[PDB]
Amino acid sequence: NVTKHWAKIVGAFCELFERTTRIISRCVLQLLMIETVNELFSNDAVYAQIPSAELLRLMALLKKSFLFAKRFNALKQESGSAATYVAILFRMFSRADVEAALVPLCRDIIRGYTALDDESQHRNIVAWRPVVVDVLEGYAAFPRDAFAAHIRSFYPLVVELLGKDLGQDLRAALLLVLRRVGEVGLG
Amino acid sequence: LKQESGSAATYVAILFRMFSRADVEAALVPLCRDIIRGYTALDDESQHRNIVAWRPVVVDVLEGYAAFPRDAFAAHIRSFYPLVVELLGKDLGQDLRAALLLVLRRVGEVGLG
């Protein structure tokens, strides 16, 4: 339906996320709907046609779902919501509004990945690995000024990743981000 | 082959123990640049023995950068950061992880931290 007035759709989404949030059924619908949002906004046409305010409203809904999941657990729904949210917010890079709503999420997700238990949370580490490497590779998309805007606010959080065992994907992502760090700082 | 790793390992370790002061530095930095480049240029599969041979000394070079003062650490930051950053592209052991982590955290501390 939506691949072929956006306020109505956005309002429907907004008013239905409260319904989505017995309990296992609600969690299943929440997972399916965040996957639906992912599969939808992965399309280039709808992404290019949606107004930015409506997209930000959907992203706020997704952040609310992330916060609800985090509050309950402190599982797959939180990781999926974070992945979709952060990936779309890189796809943004109006600009300042999405920028202010993206850096805290990146800091939180990096801190969570670092603080994950290596042995008792192997499933959580596996779940969070692709989204973390996606964030790290998306830092390459930042311009020169924005990359140095949060260098002092993100370098300590990202340096500690290599202390734990890191995969080849995260290896490459970290290598590119730190080479960019050196280039914009000293290089 | 073993002598090449053995001589360099003894050479860099004593020169790190030095930190007259300028003379030893002029004879230490070029060695550290060469050994770091050599370790990366080692073949991962056809030179696994060489990598194992060069592993204990390269991690010894990196840990010695903690012994440099603030001035000397930033003296060769532009001439040594590009050589060391590519290390983590190849598979790295636990020993090199701590050695790399301390120097780059110091790199940020002396540069931006």
# chains A, B, ... in the order shown; residues from 1 in each chain; ligands from 1
>>> interface_residues(of="chain B", to="chain A", cutoff="10 Å", atoms="only C-alpha atoms", output="list in words")
residues 77, 78, 81, 82, 85, 86, 87, 88, 89, 90, 91, 92, 93, 94, 96, 97, 98, 99, 100, 101, 102, 104, 105, 107, 108, 109, 111, 112 and 113 of chain B
>>> select_by_dssp(residues="range 26-172 of chain A", states="helix (DSSP H, G or I)", output="JSON, numbers by chain")
{"A": [26, 27, 28, 29, 30, 31, 32, 33, 34, 35, 36, 37, 38, 39, 40, 41, 44, 45, 46, 47, 48, 49, 52, 53, 54, 55, 56, 57, 58, 59, 60, 61, 62, 63, 64, 65, 66, 67, 68, 69, 70, 71, 72, 73, 76, 77, 78, 79, 80, 81, 82, 83, 84, 85, 86, 87, 88, 89, 90, 91, 92, 95, 96, 97, 98, 99, 100, 103, 104, 105, 106, 107, 108, 109, 110, 111, 112, 113, 114, 115, 122, 123, 124, 125, 126, 127, 128, 129, 130, 131, 132, 133, 134, 135, 136, 137, 138, 139, 140, 141, 144, 145, 146, 147, 148, 149, 151, 152, 153, 154, 155, 156, 157, 158, 159, 160, 161, 162, 163, 168, 169, 170, 171, 172]}
>>> residues_around(residues="residue 42 in chain B", least_positions_apart="5", cutoff="8 Å", atoms="only C-alpha atoms", output="list in words")
residues 47, 50 and 51 of chain B
>>> closest_residue(among="B:59, B:110, B:66, B:83", to="residue 19 in chain B", atoms="only C-alpha atoms")
B:66
>>> atom_distance(atom1="CA of residue 108 in chain A", atom2="CA of residue 67 in chain A")
11.4 Å
>>> atom_distance(atom1="CA of residue 129 in chain A", atom2="CA of residue 142 in chain A")
20.8 Å
>>> closest_residue(among="A:116, A:29, A:106, A:12", to="residue 54 in chain A", atoms="only C-alpha atoms")
A:12
>>> atom_distance(atom1="CA of residue 40 in chain B", atom2="CA of residue 52 in chain B")
12.3 Å
>>> residues_around(residues="residue 48 in chain A", least_positions_apart="6", cutoff="12 Å", atoms="only C-alpha atoms", output="list in words")
residues 3, 40, 41, 42, 54, 55, 91 and 92 of chain A
